[PDB]
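Enquirer: Sharing a structure, written as structure tokens. Questions coming.
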Amino acid sequence: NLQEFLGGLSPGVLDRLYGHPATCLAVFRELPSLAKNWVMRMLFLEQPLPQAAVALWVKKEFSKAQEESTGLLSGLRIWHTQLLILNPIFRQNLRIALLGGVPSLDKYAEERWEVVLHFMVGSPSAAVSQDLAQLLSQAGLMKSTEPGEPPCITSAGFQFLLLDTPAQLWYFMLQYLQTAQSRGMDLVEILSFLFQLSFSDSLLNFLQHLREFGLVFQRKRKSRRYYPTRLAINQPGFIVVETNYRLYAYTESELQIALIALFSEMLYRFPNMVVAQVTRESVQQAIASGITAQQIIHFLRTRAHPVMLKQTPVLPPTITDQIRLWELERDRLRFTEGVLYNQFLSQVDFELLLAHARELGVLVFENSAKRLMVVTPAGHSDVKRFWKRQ
Amino acid sequence: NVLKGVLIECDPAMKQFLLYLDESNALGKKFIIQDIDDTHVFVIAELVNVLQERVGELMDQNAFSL
Amino acid sequence: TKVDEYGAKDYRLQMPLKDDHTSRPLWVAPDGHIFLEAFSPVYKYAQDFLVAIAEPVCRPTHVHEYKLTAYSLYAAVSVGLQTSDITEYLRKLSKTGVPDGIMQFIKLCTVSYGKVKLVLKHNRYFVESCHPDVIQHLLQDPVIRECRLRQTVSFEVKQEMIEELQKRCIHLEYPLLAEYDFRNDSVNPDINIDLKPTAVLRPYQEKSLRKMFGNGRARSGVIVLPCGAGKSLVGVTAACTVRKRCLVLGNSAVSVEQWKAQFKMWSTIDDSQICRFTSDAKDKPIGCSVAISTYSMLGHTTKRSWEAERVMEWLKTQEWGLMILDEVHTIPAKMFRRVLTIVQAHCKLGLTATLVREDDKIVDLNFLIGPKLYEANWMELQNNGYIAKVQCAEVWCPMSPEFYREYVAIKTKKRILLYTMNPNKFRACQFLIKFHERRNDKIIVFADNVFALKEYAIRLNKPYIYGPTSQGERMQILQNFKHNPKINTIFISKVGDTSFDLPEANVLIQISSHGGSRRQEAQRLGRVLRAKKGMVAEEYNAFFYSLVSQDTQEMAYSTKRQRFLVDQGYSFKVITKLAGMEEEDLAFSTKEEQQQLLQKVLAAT
Amino acid sequence: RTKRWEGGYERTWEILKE
């Protein structure tokens with residue numbers, strides 16, 4: 001989440017990131033419940049106040065909210081104890097932020113994201129962009145290993161594909177920022193633009209990438225002014241599930257049919273409908289590719305036709321249980337690398353080694369009755385060194 | 001002593017299937033280095049992929065092809 | 001014919017899409033498959049039309065699946081639906097048009113009907129036809145000449161070769177008409193049989209009877225209805241409507257007894273006018289007309305007793321207005337099917353509840369008797385309350401380690417006796433029976449292996465029944481099960497699924513299965529479908545458990561066996577573990593007991 | 001005295017027209 005992203009930052013980058021135009025407001029909106037009130041209170045104070053007052057300024061009931069808010073805002077470093085006055089820079093910027101100082105766009109964003117997903121999947125016809133391809137490859141969801149041949153899809157790719165559009169896009173942009181730092185693009189400058197959206201060379205390249213993703217569209221031959229789409233700021237279902245593992249999806253866009261075929265066997269394709277079967281072969285194929293039953297169940301639930309919404313639960317228990325059992329059977333045999341021991345002359349030495357392995361985290365499994373244990377190869381060197389030291 | 005390989009944990013039915021495999025030399029070798037517990041055994045790392053393939057064939061046997 | 005990048009066939013360039021597709025709830029695939037919506041406001045009308053012109057293959061709650069064939073179209077024409085009368089409404093209902101392939105198929109099937117009619121008169125089967133060209137171009141192959149005994153053109157045909165000629169015509173594209181004009185028939189006087197007002201006909205029974213009597217002439221066909229739905233009542237009503245000599249064919253002594261009881265209960269016909277052509281007991285079969293007999297006796301191939309020979313000769317000589325055949329799924333058998341040619345009947349109605357089998361001989365029924373007239377909607381009956389709602393479940397029992405060891409080690413087929421008898425399933429069935437016994441639910445345990453059945457029954461000191469069990473003891477056990485409160489469970493063998501009149505049971509556990517037999521599965525499931533006096537559909541008072549052993553051939557057999565039930569719509573819920581099993585004390589709680597059971601299994605040989 | 005079945009098929013859909 002954005003809270004995680006901002007928490008994972010240093011004070012030096014934080015205060016700089018607290019730009020005047022928007023950041024002080026975007027980070028404010030993050031404040032879940034109460035920290036908003038305290039920020040407004042001590043927005044006008046130039047004198048720090050004791051911590052005991054803040055501690056006692058919440059009733060005995062619901063105090064956990066007080067501690068969690070205080071910890072979150074301490075991590076954000078909005079104030080300093082100075083002994084709890086807010087940062088002067090943040091105070092000034094917030095005062096300046098508080099009385100101081102479309103139908104075609106959404107369709108465009110939808111179409112651009114749909115073609116991006118088409119390229120992500122093995123679609124013969126898709127938009128071509130070397131920068132987009134390499135960005136997705138280095139995002140960790142795609143690996144090529146051969147420039148001549150089109151890149152394939154890794155295990156994480158299918159999991160990313162089956163996610164809902166909001167979380168999918170949010171994770172994609174998170175990876176975009178993480179790779180932006182690696183490629184050398186300044187993180188603060190690009191990050192501030194995202195906050196400003198909800199209200200230089202690097203800026204131009206970043207805006208080009210955002211337009212390729214479909215969040216923005218200049219509409220004027222790449223002019224300075226931009227009109228963000230709905231997705232920039234941050235629908236009814238169509239699948240009907242039977243009790244015989246049969247899916248009838250009212251899908252016209254090839255993306256939905258491809259997503260369903262990823263874990264189901266297609267039987268018929270009507271102009272406004274498609275029939276597929278959820279069989280062991282397809283489900284285990286998806287599981288081997290990397291998906292887990294949770295993603296499939298969530299995908300079918302979110303793309304649930306209104307007809308089956310009346311019944312509770314929406315997805316039939318038999319279908320859900322069958323999918324879960326199919327995924328479990330694959331991982332019945334759990335493989336874990338390790339090193340076995342044999343010929344323990346005395347149990348005292350074995351117990352001491354067990355205690356050492358428990359302390360170091362090396363141990364994976366132990367058997368006192370048989371006087372043996374298993375250690376991962378990483379801890380094999382440590383235990384071997386201990387044995388040599390005697 | 002110290003023995004290289006991998007440890008696999010599964011239900012007792014699969015453990016007994018692995019014991020049958022090693023006893024009958026289905027794969028040609030006694031890959032079961034030792035039996036850690038009723039649900040845990042040790043097998044050589046190199047053979048694990050084909051052992052998993054055999055288990056998949058067993059699942060094919062015990063599951064109908066809808 | 002066109003295949004997309006995936007498995008599904010491509011029809012983007014095949015047929016168009018109607019603009020008012022949302023209004024139209026019907027789909028039409030080129031192969032003949034039709035997908036109807038159960039949520040559309042016109043669902044009832046669409047269901048009626050599609051049932052009239054097609055036979056269901058899958059009817060889940062949301063989207064029903066039908067497929068039409070030559071036999072279904074012939075049945076539609078028999079009930080009087082013309083090619084236009086069906087195709088115009090099919091196009092109107094269809095939200096994506098009608099492919100030219102289906103159009104031409106419907107036209108050809110409808111036009112190729114009624115040209116050739118088969119009528120039996122004075123013990124002679126004449127192939128009548130108003131059009132003479134049909135016969136002129138039908139006498140090309142020599143089989144017709146060798147078959148024939150050595151406008152409105154008709155010729156006599158040999159009795160024995162009727163089945164061969166009929167199956168030949170089916171693929172010759174000239175189906176024969178078996179309609180019986182009982183209204184206009186003076187050769188055989190009508191029998192004094194009437195339907196008393198006491199009998200009550202349910203709406204689905206009336207619909208099936210209407211489809212059979214689409215016109216004044218009765219149609220010969222097969223009506224599939226659940227055993228608890230009153231198929232016996234439907235057959236009795238059909239005979240009463242026919243008002244002519246009726247020959248009912250059961251499959252066993254219990255079947256014939258039940259048929260006689262149903263006749264007496266629902267028909268005003270006197271007792272003396274009904275006979276039981278049964279070797280065990282007879283009531284002067286030649287004396288009266290309405291007869292109940294058995295396939296085994298009629299098709300008996302070995303030496304015939306003197307009295308049975310006289311009765312058989314009388315039956316062969318006489319002509320029957322109606323030939324009712326219960327449990328038609330066994331008809332395509334050699335001896336049983338020989339009875340069709342042995343006996344003469346205008347219309348041979350067929351009744352059953354499980355019209356499914358593995359060998360592809362069910363298709364032969366379409367010509368042996370006729371097209372499948374009606375097939376009751378099990379889900380709709382459940383909603384209407386005519387049939388008790390069933391919570392179908394499959395209890396997965398993990399196989400014990402040692403038992404799995406021998407099972408996998410041996411490549412022989414002792415596994416049938418092995419996995420059917422494992423400690424985990426034994427404990428599961430024991431705990432389930434205890435839970436239902438304290439819940440006052442009647443239990444009917446099932447097991448194909450008599451050895452396993454006997455072992456379980458002795459260990460649980462319960463009254464197991466099986467083949468060579470004495471009839472008196474069988475009746476005593478059934479009476480005790482029905483009446484004595486102290487006992488609420490009976491362990492029946494395969495004999496249970498064949499034919500019986502057992503009291504309604506709240507649960508039905510199946511520890512073992514004969515194999516991938518949809519027939520047996522449906523037959524055993526039908527036992528608990530008996531609707532209670534005041535139950536409700538949503539209460540799920542009836543339960544069916546099909547215990548299976550994990551990681552064994554039993555799983556494959558169960559999955560292959562539940563196909564018919566899932567097609568009807570029942571959802572089999574999987575139960576990996578049962579709550580309270582650990583706390584409840586059960587047998588085989590120690591390794592030693594499993595060891596002795598394994599030793600006994602091994603010594604079984 | 002004939003039965004309702006002999007009359008003919010109900011034709012439940014014939015009521016609906018478009």
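Ligands are numbered from 1 in the order shown, residues from 1 within each chain, and chains are lettered A, B, ... in the order they appear in the structure tokens.
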Give me, as a VMD selection string, the residues of chain C touching chain A, with the criterion being at most 9 Å (counting only C-alpha atoms).
Expert: chain C and resid 4 6 to 12 15 to 17 21 27 29 39 58 60 to 63 96 563 566 to 567 569 to 574
Enquirer: For those residues, write N, CA, C and O atoms to a file as a CSV table (one decimal), in the first residue's frame.
Expert:
chain,number,residue,atom,x,y,z
C,4,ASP,N,-10.8,-22.3,-32.8
C,4,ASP,CA,-10.1,-21.2,-32.4
C,4,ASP,C,-8.7,-21.6,-31.9
C,4,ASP,O,-8.3,-22.8,-32.0
C,6,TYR,N,-7.9,-21.9,-29.0
C,6,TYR,CA,-8.1,-22.8,-27.9
C,6,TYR,C,-9.0,-23.9,-28.4
C,6,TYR,O,-9.2,-24.1,-29.6
C,7,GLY,N,-9.4,-24.8,-27.5
C,7,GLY,CA,-10.2,-25.9,-27.9
C,7,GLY,C,-11.6,-25.6,-28.5
C,7,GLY,O,-12.0,-26.3,-29.4
C,8,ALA,N,-12.2,-24.5,-28.0
C,8,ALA,CA,-13.6,-24.2,-28.5
C,8,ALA,C,-13.6,-23.9,-30.0
C,8,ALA,O,-12.6,-23.4,-30.5
C,9,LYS,N,-14.7,-24.4,-30.6
C,9,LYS,CA,-14.9,-24.1,-32.0
C,9,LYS,C,-15.3,-22.6,-32.2
C,9,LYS,O,-15.9,-22.0,-31.4
C,10,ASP,N,-14.9,-22.1,-33.4
C,10,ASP,CA,-15.1,-20.7,-33.7
C,10,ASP,C,-16.4,-20.5,-34.5
C,10,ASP,O,-16.5,-21.2,-35.5
C,11,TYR,N,-17.3,-19.6,-34.1
C,11,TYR,CA,-18.5,-19.4,-34.9
C,11,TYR,C,-18.7,-17.9,-35.1
C,11,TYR,O,-19.9,-17.4,-35.3
C,12,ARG,N,-17.7,-17.1,-35.1
C,12,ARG,CA,-17.8,-15.6,-35.4
C,12,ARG,C,-18.3,-15.4,-36.8
C,12,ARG,O,-19.2,-14.5,-37.0
C,15,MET,N,-22.6,-17.7,-37.7
C,15,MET,CA,-24.0,-17.2,-37.6
C,15,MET,C,-23.9,-15.8,-37.0
C,15,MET,O,-23.0,-15.4,-36.3
C,16,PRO,N,-25.0,-14.9,-37.3
C,16,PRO,CA,-25.0,-13.6,-36.7
C,16,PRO,C,-25.5,-13.5,-35.3
C,16,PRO,O,-25.9,-14.5,-34.7
C,17,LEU,N,-25.6,-12.3,-34.7
C,17,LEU,CA,-26.2,-12.1,-33.4
C,17,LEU,C,-27.4,-11.2,-33.6
C,17,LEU,O,-27.3,-10.1,-34.2
C,21,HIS,N,-30.7,-9.4,-28.4
C,21,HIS,CA,-30.1,-10.7,-27.9
C,21,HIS,C,-30.5,-10.8,-26.4
C,21,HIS,O,-30.8,-11.9,-25.9
C,27,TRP,N,-29.9,-20.0,-27.3
C,27,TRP,CA,-28.7,-20.2,-28.1
C,27,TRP,C,-28.9,-21.4,-29.0
C,27,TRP,O,-29.6,-22.4,-28.6
C,29,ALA,N,-26.2,-23.8,-31.3
C,29,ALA,CA,-24.9,-24.1,-31.8
C,29,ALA,C,-25.1,-24.9,-33.1
C,29,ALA,O,-26.1,-25.6,-33.3
C,39,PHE,N,-33.0,-18.1,-15.9
C,39,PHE,CA,-33.3,-16.8,-15.3
C,39,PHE,C,-34.2,-15.9,-16.1
C,39,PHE,O,-34.6,-14.8,-15.7
C,58,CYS,N,-28.0,-32.0,-19.9
C,58,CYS,CA,-27.5,-31.3,-18.7
C,58,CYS,C,-28.4,-30.2,-18.3
C,58,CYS,O,-28.6,-29.3,-19.2
C,60,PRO,N,-28.4,-27.9,-15.2
C,60,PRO,CA,-28.0,-27.3,-14.0
C,60,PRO,C,-29.0,-26.1,-13.6
C,60,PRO,O,-29.9,-25.8,-14.4
C,61,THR,N,-28.8,-25.5,-12.5
C,61,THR,CA,-29.8,-24.5,-12.0
C,61,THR,C,-29.9,-23.3,-12.9
C,61,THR,O,-31.0,-22.8,-13.2
C,62,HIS,N,-28.7,-22.9,-13.5
C,62,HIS,CA,-28.7,-21.6,-14.2
C,62,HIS,C,-28.9,-21.7,-15.7
C,62,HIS,O,-29.9,-21.2,-16.2
C,63,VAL,N,-28.1,-22.5,-16.3
C,63,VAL,CA,-28.1,-22.6,-17.8
C,63,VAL,C,-28.4,-24.1,-18.2
C,63,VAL,O,-27.5,-24.9,-17.9
C,96,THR,N,-29.1,-15.6,-31.6
C,96,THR,CA,-28.0,-15.5,-32.5
C,96,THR,C,-28.4,-16.2,-33.9
C,96,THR,O,-27.4,-16.6,-34.6
C,563,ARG,N,-21.6,-38.9,-12.9
C,563,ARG,CA,-21.8,-38.1,-14.1
C,563,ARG,C,-23.3,-37.9,-14.4
C,563,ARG,O,-23.7,-36.7,-14.6
C,566,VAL,N,-24.8,-35.4,-11.7
C,566,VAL,CA,-24.4,-34.0,-11.9
C,566,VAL,C,-25.1,-33.5,-13.1
C,566,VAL,O,-25.4,-32.3,-13.2
C,567,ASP,N,-25.3,-34.3,-14.2
C,567,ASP,CA,-26.0,-33.9,-15.3
C,567,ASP,C,-27.4,-33.5,-14.9
C,567,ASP,O,-28.0,-32.5,-15.4
C,569,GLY,N,-28.3,-32.4,-12.0
C,569,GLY,CA,-28.1,-31.1,-11.3
C,569,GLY,C,-27.6,-31.3,-9.9
C,569,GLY,O,-27.2,-30.3,-9.3
C,570,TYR,N,-27.6,-32.5,-9.4
C,570,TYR,CA,-27.2,-32.7,-8.0
C,570,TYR,C,-25.7,-32.3,-7.9
C,570,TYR,O,-24.9,-32.7,-8.7
C,571,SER,N,-25.4,-31.6,-6.8
C,571,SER,CA,-24.0,-31.1,-6.5
C,571,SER,C,-23.5,-32.0,-5.4
C,571,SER,O,-23.9,-32.0,-4.3
C,572,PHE,N,-22.5,-32.8,-5.7
C,572,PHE,CA,-21.9,-33.8,-4.8
C,572,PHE,C,-20.8,-33.0,-4.0
C,572,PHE,O,-19.7,-32.7,-4.5
C,573,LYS,N,-21.1,-32.7,-2.7
C,573,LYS,CA,-20.1,-32.0,-1.9
C,573,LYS,C,-19.1,-33.0,-1.3
C,573,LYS,O,-19.4,-34.1,-0.8
C,574,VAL,N,-17.8,-32.6,-1.4
C,574,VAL,CA,-16.7,-33.5,-1.0
C,574,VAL,C,-16.5,-33.2,0.5
C,574,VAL,O,-16.4,-32.0,0.9
Enquirer: Can you write out as a Markdown table which residues of chain B fall within 7 Å of chain C, alongside each residue's closest atom pair and its distance in Å to one decimal, counting only C-alpha atoms and ordering rows by chain and ascending residue number?
Expert:
| residue | atom | partner | partner_atom | distance |
| --- | --- | --- | --- | --- |
| B:12 | CA | C:401 | CA | 5.3 |
| B:13 | CA | C:401 | CA | 5.0 |
| B:16 | CA | C:405 | CA | 5.4 |
| B:17 | CA | C:405 | CA | 6.3 |
| B:20 | CA | C:409 | CA | 6.3 |
| B:62 | CA | C:553 | CA | 5.2 |
| B:63 | CA | C:556 | CA | 4.9 |
| B:64 | CA | C:556 | CA | 4.7 |
Enquirer: Just asking: which residues within chain B are helix (DSSP H, G or I) according to DSSP, as a PyMOL selection string?
Expert: chain B and resi 12-24+45-62
Enquirer: Can you write just those residues out, N, CA, C and O atoms, as a tab-separated table (two decimals), in the first residue's frame?
Expert:
chain	number	residue	atom	x	y	z
B	12	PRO	N	0.75	-40.50	4.84
B	12	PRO	CA	1.26	-41.88	4.97
B	12	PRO	C	1.02	-42.73	3.74
B	12	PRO	O	1.83	-43.61	3.45
B	13	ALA	N	-0.07	-42.50	2.99
B	13	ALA	CA	-0.30	-43.26	1.78
B	13	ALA	C	0.82	-43.03	0.76
B	13	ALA	O	1.36	-43.97	0.18
B	14	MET	N	1.18	-41.76	0.54
B	14	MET	CA	2.26	-41.46	-0.39
B	14	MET	C	3.59	-41.96	0.15
B	14	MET	O	4.45	-42.41	-0.63
B	15	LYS	N	3.80	-41.89	1.46
B	15	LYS	CA	5.02	-42.44	2.04
B	15	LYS	C	5.13	-43.93	1.77
B	15	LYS	O	6.21	-44.43	1.42
B	16	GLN	N	4.02	-44.66	1.91
B	16	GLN	CA	4.02	-46.09	1.63
B	16	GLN	C	4.24	-46.35	0.15
B	16	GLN	O	4.89	-47.34	-0.23
B	17	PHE	N	3.70	-45.49	-0.72
B	17	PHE	CA	3.97	-45.63	-2.14
B	17	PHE	C	5.46	-45.46	-2.44
B	17	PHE	O	6.03	-46.21	-3.24
B	18	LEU	N	6.10	-44.48	-1.80
B	18	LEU	CA	7.54	-44.30	-1.98
B	18	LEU	C	8.31	-45.51	-1.46
B	18	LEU	O	9.31	-45.92	-2.06
B	19	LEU	N	7.88	-46.06	-0.33
B	19	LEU	CA	8.51	-47.27	0.19
B	19	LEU	C	8.38	-48.43	-0.80
B	19	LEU	O	9.34	-49.17	-1.02
B	20	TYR	N	7.20	-48.60	-1.39
B	20	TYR	CA	7.03	-49.61	-2.42
B	20	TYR	C	7.96	-49.35	-3.60
B	20	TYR	O	8.58	-50.28	-4.13
B	21	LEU	N	8.07	-48.09	-4.02
B	21	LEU	CA	8.96	-47.76	-5.13
B	21	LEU	C	10.39	-48.19	-4.83
B	21	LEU	O	11.03	-48.88	-5.63
B	22	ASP	N	10.91	-47.80	-3.66
B	22	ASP	CA	12.30	-48.10	-3.35
B	22	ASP	C	12.51	-49.60	-3.17
B	22	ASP	O	13.55	-50.13	-3.58
B	23	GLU	N	11.55	-50.29	-2.56
B	23	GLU	CA	11.69	-51.72	-2.34
B	23	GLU	C	11.66	-52.49	-3.65
B	23	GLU	O	12.45	-53.43	-3.85
B	24	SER	N	10.77	-52.12	-4.57
B	24	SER	CA	10.60	-52.82	-5.83
B	24	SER	C	11.54	-52.32	-6.92
B	24	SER	O	11.55	-52.88	-8.02
B	45	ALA	N	18.66	-35.81	-4.33
B	45	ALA	CA	18.14	-34.61	-4.99
B	45	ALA	C	17.95	-34.83	-6.48
B	45	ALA	O	16.98	-34.33	-7.07
B	46	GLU	N	18.87	-35.56	-7.12
B	46	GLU	CA	18.86	-35.67	-8.58
B	46	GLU	C	17.61	-36.39	-9.09
B	46	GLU	O	17.15	-36.11	-10.21
B	47	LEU	N	17.04	-37.30	-8.30
B	47	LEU	CA	15.95	-38.16	-8.74
B	47	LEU	C	14.56	-37.56	-8.48
B	47	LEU	O	13.55	-38.16	-8.88
B	48	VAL	N	14.50	-36.40	-7.83
B	48	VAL	CA	13.24	-35.88	-7.32
B	48	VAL	C	12.27	-35.56	-8.45
B	48	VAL	O	11.06	-35.76	-8.33
B	49	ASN	N	12.78	-35.02	-9.56
B	49	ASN	CA	11.90	-34.61	-10.65
B	49	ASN	C	11.15	-35.81	-11.23
B	49	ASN	O	9.93	-35.77	-11.43
B	50	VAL	N	11.87	-36.91	-11.49
B	50	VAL	CA	11.22	-38.09	-12.05
B	50	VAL	C	10.34	-38.76	-11.00
B	50	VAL	O	9.30	-39.36	-11.33
B	51	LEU	N	10.72	-38.68	-9.72
B	51	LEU	CA	9.83	-39.20	-8.68
B	51	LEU	C	8.51	-38.44	-8.67
B	51	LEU	O	7.43	-39.04	-8.56
B	52	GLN	N	8.57	-37.12	-8.79
B	52	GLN	CA	7.36	-36.31	-8.87
B	52	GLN	C	6.56	-36.65	-10.12
B	52	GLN	O	5.33	-36.66	-10.09
B	53	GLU	N	7.25	-36.91	-11.24
B	53	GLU	CA	6.55	-37.33	-12.45
B	53	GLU	C	5.80	-38.65	-12.23
B	53	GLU	O	4.67	-38.82	-12.70
B	54	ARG	N	6.44	-39.59	-11.53
B	54	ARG	CA	5.77	-40.85	-11.21
B	54	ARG	C	4.55	-40.62	-10.34
B	54	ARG	O	3.50	-41.25	-10.53
B	55	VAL	N	4.67	-39.72	-9.36
B	55	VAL	CA	3.52	-39.40	-8.51
B	55	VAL	C	2.40	-38.78	-9.34
B	55	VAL	O	1.21	-39.05	-9.12
B	56	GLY	N	2.76	-37.93	-10.30
B	56	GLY	CA	1.76	-37.38	-11.20
B	56	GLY	C	1.06	-38.45	-12.02
B	56	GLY	O	-0.15	-38.39	-12.25
B	57	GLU	N	1.83	-39.44	-12.49
B	57	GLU	CA	1.22	-40.57	-13.20
B	57	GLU	C	0.26	-41.33	-12.29
B	57	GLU	O	-0.80	-41.79	-12.73
B	58	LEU	N	0.63	-41.48	-11.01
B	58	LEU	CA	-0.28	-42.13	-10.07
B	58	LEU	C	-1.57	-41.34	-9.90
B	58	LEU	O	-2.66	-41.92	-9.83
B	59	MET	N	-1.46	-40.01	-9.83
B	59	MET	CA	-2.66	-39.18	-9.78
B	59	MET	C	-3.50	-39.36	-11.04
B	59	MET	O	-4.74	-39.38	-10.97
B	60	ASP	N	-2.84	-39.45	-12.19
B	60	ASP	CA	-3.57	-39.71	-13.43
B	60	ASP	C	-4.33	-41.03	-13.34
B	60	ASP	O	-5.47	-41.14	-13.79
B	61	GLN	N	-3.69	-42.05	-12.76
B	61	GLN	CA	-4.36	-43.34	-12.59
B	61	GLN	C	-5.59	-43.20	-11.69
B	61	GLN	O	-6.65	-43.76	-11.99
B	62	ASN	N	-5.46	-42.47	-10.58
B	62	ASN	CA	-6.51	-42.41	-9.57
B	62	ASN	C	-7.51	-41.29	-9.82
B	62	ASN	O	-8.42	-41.09	-8.99
Enquirer: Please, which residues of chain D lie no more than 6 Å from chain C when the count uses only C-alpha atoms, and can they be set out as a PyMOL selection string?
Expert: chain D and resi 5-6+8-9+13
Enquirer: Could I get the residues of chain B with an atom no further than 6 Å from an atom of chain A, each paired with its nearest atom pair and that distance in Å to one decimal, using only C-alpha atoms, sorted by chain and residue number, as a tab-separated table?
Expert:
residue	atom	partner	partner_atom	distance
B:1	CA	A:342	CA	4.6
B:2	CA	A:341	CA	5.0
B:3	CA	A:340	CA	5.4
B:4	CA	A:339	CA	5.4
B:6	CA	A:337	CA	4.5
B:7	CA	A:336	CA	5.5
B:8	CA	A:335	CA	4.8
B:9	CA	A:334	CA	5.5
B:10	CA	A:333	CA	4.9
Enquirer: Any chance you could export the current selection's N, CA and C atoms as a tab-separated table (two decimals), in the first residue's frame?
Expert:
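Below is the file again-v5.tsv, written as the result:
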chain	number	residue	atom	x	y	z
B	1	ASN	N	26.84	-39.77	10.65
B	1	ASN	CA	27.33	-39.39	9.32
B	1	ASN	C	26.49	-38.26	8.74
B	2	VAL	N	26.94	-37.70	7.63
B	2	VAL	CA	26.24	-36.63	6.92
B	2	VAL	C	25.91	-37.12	5.52
B	3	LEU	N	24.65	-36.99	5.13
B	3	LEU	CA	24.15	-37.49	3.85
B	3	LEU	C	23.51	-36.35	3.08
B	4	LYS	N	23.90	-36.20	1.82
B	4	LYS	CA	23.31	-35.19	0.95
B	4	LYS	C	21.98	-35.67	0.39
B	6	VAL	N	17.58	-34.46	-0.36
B	6	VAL	CA	16.41	-33.66	-0.04
B	6	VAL	C	15.49	-34.47	0.85
B	7	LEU	N	14.67	-33.78	1.63
B	7	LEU	CA	13.67	-34.39	2.49
B	7	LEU	C	12.28	-34.06	1.95
B	8	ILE	N	11.44	-35.08	1.82
B	8	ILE	CA	10.08	-34.92	1.32
B	8	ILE	C	9.11	-35.41	2.38
B	9	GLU	N	8.10	-34.60	2.66
B	9	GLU	CA	7.05	-34.92	3.61
B	9	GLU	C	5.72	-35.03	2.87
B	10	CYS	N	4.97	-36.08	3.18
B	10	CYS	CA	3.69	-36.33	2.53
B	10	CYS	C	2.84	-37.21	3.45
Enquirer: In Å, with one decimal, what is the gap from atom CA of residue 106 of chain C to atom CA of residue 87 of chain C?
Expert: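 Taking atom CA of residue 106 of chain C as the start and atom CA of residue 87 of chain C as the end point, the length is 7.6 Å.
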Enquirer: Record the distance separating atom CA of residue 4 of chain A and atom CA of residue 116 of chain A, expressed in Å with one decimal.
Expert: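 Straight-line distance from atom CA of residue 4 of chain A to atom CA of residue 116 of chain A works out to 26.7 Å.
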Enquirer: I'd like the contact shell of segment 477-482 of chain C - 10 Å cut-off, only C-alpha atoms, skipping same-chain residues fewer than 3 positions apart - returned as a short mmCIF file (atom, residue, chain, number, x, y, z; two decimals) with C-alpha atoms, in the first residue's frame.
Expert:
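around.cif, freshly written:
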data_model
loop_
_atom_site.label_atom_id
_atom_site.label_comp_id
_atom_site.auth_asym_id
_atom_site.auth_seq_id
_atom_site.Cartn_x
_atom_site.Cartn_y
_atom_site.Cartn_z
CA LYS C 442 -33.20 -44.37 8.65
CA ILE C 443 -30.04 -45.85 7.12
CA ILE C 444 -29.71 -48.13 4.08
CA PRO C 463 -28.95 -57.27 9.72
CA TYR C 464 -27.20 -57.54 6.36
CA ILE C 465 -29.23 -58.80 3.40
CA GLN C 471 -37.13 -64.65 1.44
CA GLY C 472 -38.75 -65.05 4.86
CA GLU C 473 -35.73 -63.60 6.64
CA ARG C 474 -35.57 -60.78 4.07
CA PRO C 485 -37.81 -48.32 16.66
CA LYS C 486 -34.84 -50.14 18.22
CA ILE C 487 -33.47 -50.79 14.70
CA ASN C 488 -33.15 -48.04 12.09
CA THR C 489 -30.55 -49.39 9.64
CA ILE C 490 -30.37 -52.18 7.06
CA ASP C 501 -40.45 -51.51 -2.38
CA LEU C 502 -38.49 -50.26 0.62
CA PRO C 503 -39.62 -47.70 3.21
CA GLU C 504 -38.43 -44.13 2.80
CA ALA C 505 -35.00 -43.66 4.39
#
Enquirer: Which of these residues is nearest to residue 93 of chain A, using only C-alpha atoms: A:119, A:108, A:18, A:62?
Expert: A:18
Enquirer: Take atom CA of residue 343 of chain C and atom CA of residue 315 of chain C and report the distance between them in Å, one decimal.
Expert: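 Computed distance, atom CA of residue 343 of chain C to atom CA of residue 315 of chain C, equals 6.9 Å.
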Enquirer: Just want the 12 Å neighbourhood of segment 44-52 of chain A, counted on only C-alpha atoms, with same-chain residues fewer than 5 positions away dropped. Output as number ranges by chain.
Expert: A: 38-39, 57-58, 67, 70, 79-88, 90-92, 94-96, 98
